[PDB]
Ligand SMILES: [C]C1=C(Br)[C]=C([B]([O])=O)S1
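Taking the form deposited without the ligand, here's one chain by itself in structure tokens.
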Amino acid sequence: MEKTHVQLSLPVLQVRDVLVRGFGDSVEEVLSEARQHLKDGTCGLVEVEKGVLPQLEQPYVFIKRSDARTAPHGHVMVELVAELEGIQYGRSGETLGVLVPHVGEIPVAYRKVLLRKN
């Protein structure tokens, strides 16, 4: 049974390595696909810097920090927020990065998160 939060270690990818640059073609689809790939262990994380988002495909899926005191066991608590045409779907804290499919690219680090399911 699905707990409200799940501990995940996400591979951190450099933007130029990413082969599949988004999760789909609408806000609802990208959130759905991101959640599926997170469950399947096939989701990467790109840290946002200048030039990153223009090299990825909208709609974007961000992981954002969802509280201040609780980083259990080393895993920062996060939730998903999508963006399309400058409008965001969810309100949350600071961005940890943008999620993308992972298809075997070599990461530069792993990021521990405690992900809110829905």
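In this text, residue numbers run from 1 along the sequence as written.
For residue 69, the fraction of other compared entries lacking coordinates, among those that model flanking residues, reaches at least a third. Remark: stretch with higher mean C-alpha B factor among 17-25 and 90-98 is 90-98. Higher mean CA B-factor, judged across 29-37 and 68-76 from the recorded values: 68-76. The entry lists a Cα temperature factor for residue 43 that places it in the lowest third of the chain's modelled residues.
The entry lists a Cα temperature factor for residue 61 that places it in the lowest third of the chain's modelled residues.
Missing here is the form deposited with the ligand bound; even so, the following discussion is about that form.
At a distance threshold of 4.5 angstroms between non-hydrogen atoms, residue 39 is in contact with the ligand in the deposited complex. The ligand is not drawn, but in the deposited complex it has no heavy atom within 4.5 Å of residue 65. Put simply, residue 35 is close to the ligand in the deposited complex: some heavy atom of it is within 4.5 Å.
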